[PDB]
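Below sits a lone chain in structure tokens, taken as the form deposited in one PDB entry.
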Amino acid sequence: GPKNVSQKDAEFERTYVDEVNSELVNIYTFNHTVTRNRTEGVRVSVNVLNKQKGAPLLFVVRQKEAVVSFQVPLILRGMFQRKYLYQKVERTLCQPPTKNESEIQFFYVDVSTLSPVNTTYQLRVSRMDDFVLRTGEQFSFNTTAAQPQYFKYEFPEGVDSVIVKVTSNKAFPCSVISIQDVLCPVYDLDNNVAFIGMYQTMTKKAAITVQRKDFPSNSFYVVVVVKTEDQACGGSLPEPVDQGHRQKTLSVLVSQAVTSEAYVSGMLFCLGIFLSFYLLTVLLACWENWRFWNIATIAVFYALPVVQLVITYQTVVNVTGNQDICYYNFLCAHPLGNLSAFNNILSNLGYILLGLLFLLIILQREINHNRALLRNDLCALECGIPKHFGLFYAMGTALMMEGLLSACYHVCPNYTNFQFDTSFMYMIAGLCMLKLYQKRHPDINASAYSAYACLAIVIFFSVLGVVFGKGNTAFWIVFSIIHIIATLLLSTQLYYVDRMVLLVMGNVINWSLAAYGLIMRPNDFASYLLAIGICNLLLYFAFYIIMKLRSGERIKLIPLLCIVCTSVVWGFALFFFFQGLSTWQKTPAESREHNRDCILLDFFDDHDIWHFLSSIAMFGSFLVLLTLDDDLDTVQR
């Protein structure tokens, strides 16, 4: 008729080996003492032995204000109707903050089974002394898919933001690191975990900025969960299948985030240099002298897509809390307002102020030229090299529009959102091809449409590469061969001592870039083709310099200095562009094992320094084009 019920008084830190059957139920009564100030965490471990296939043990932990219950061997879901089985289950117990200063709290563990044979479990309830996290101290722990871990941080006084950094040494147990408030329960199951709070799938790295304003209890729970499968982290997979051998050893560090002097140090470093250029130029001019809207039209046909998509799409995460959508550099992302990576946006102040200053140069030069025309001298276009500021204006505005088309990319950098930032750098890379060429020929408008078509073709090839973002080896070699063919065909179009010497030093760099693209197989294709863009640009600059050099004229120092400085800055910028060029892989999990701290002035990482050197180098090359054949203001041949 009735069952045996064995009610017994148990203790902490003492393994209990008992056994139950279909007609026995074991009820253990643990107690402890909780204190207002110091907190502690009970963790229950249960482990059946040589378990039979009949019926699981069923465990119930009853507290004053919550009930937890599971069934051991725990069975978790695969993906395509697969089941994984764990002989060993553990959970920490959520307990609401205490009211009294110290009190005694009980809780009972109920073990029962419906299997008609004995089963020998192994209960053990243990106190946790490393529950609370401390600011700046690394701390390790192990957790399988059946043993979700969680710890508790609470902000000190005067810390209004921290950043949680979790880092494992191996890649293929997956994980989720959620950060929730301290209101029980705690969603730390494979299904509950993504319900609230901000989470991040991790493979080797995870980082989450947390702010005090979110949590009125001045604390939060860091919850670490390990997934049954590694598909969502790039891995591959081959009735229940035993999977109790798969741990993950982690390390959690919670350090304070920059307060306010980083912000001002970022502004007062953008403004303190990009205005240095302004003053330098305006003071140089006095010494020297006293000793239509097509770009914006295309940008407006693209902007409402870019602007609306990115603005709406950031808010989606900002209201969701799923940080696997936008591919920031989470170690260096210092949010202001609703902007997550604020520094990745000031870093585009260069392009803006530099395109603007280039325009303000061209304006003055054009009106000076028309005033000198009103002086009625023979140096209209014969004694000089025919002036056409129409394309200089184009460069000076395209730089401005680049300082906006990527400042919107760096709001949710993403797989789809990519081509915005770097494709617009081909346009400005194309114009330098035009003007230089145009600087030796009367009509280029017939080839201007062809240049627009060539840029569109490059963008289409970039789109194709982005579509096959997992580009096969055949994919890579196909582009390799077609680009070598393009180089070989382009060598002919430029046809002596140095005329053919150019080809000696061109094909080698073509091969070198292709070889690195093949061997690295970088996930990024457009930003890789950009490297070829700059390489061709610099080679063309050098070649035109060489051809100008086989005439008995003399280059004035004022542009020669520009050539050398622009070359050196392009030396820097490609370095900081290759440091981050592999830092973007398929899945946000391993697109996160390439992050890195803020390098310069606590606020800017690599990419934020490339957003600087790129603008300064391109401005330097603009001035090179403006002033390169400047000395030829007398010869009318």
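We number the residues from 1 along the sequence you see. Basically, rigid core = biggest C-alpha set you can superpose within 1.5 Å across the two forms.
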Legend entry - Third-or-more of other entries without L363: no
Legend entry - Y496 unmodelled in at least a third of other compared entries: yes
Inset, instruction - Check the residues of the deposited sequence separating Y495 from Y496 and report how many of them have no coordinates, as none, 1 to 3, 4 to 9, or 10 or more. - result: 10 or more
Inset, instruction - Please count the deposited residues lying between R291 and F292 that the model leaves without coordinates, and give the class: none, 1 to 3, 4 to 9, or 10 or more. - result: 10 or more
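Keep in mind the form deposited in another entry is missing from the figure; the text below concerns it.
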Inset, instruction - Superpose on the rigid core and name the single residue from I509, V132, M128, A232 whose Cα moves by 2 angstroms or more between the shown form and the other one. - result: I509
Inset, instruction - Superpose the two forms on their rigid core, then report whether the C-alpha of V564 is displaced by 2 angstroms or more between the shown form and the other one. - result: no
Legend entry - Rigid-core frame, C-alpha of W584, shift of 2 angstroms or more between the shown form and the other one: yes
Legend entry - CA of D188, rigid core aligned, shift of 2 Å or more between the shown form and the other one: no
Inset, instruction - Could you tell me whether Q314 and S582 have their C-alpha atoms closer or farther apart in the other form than in the shown form, knowing the shift is 3 angstroms or more? - result: closer
Legend entry - Pairwise C-alpha change, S512 versus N595, in the other form against this form - closer or farther, 3 angstroms or more: farther
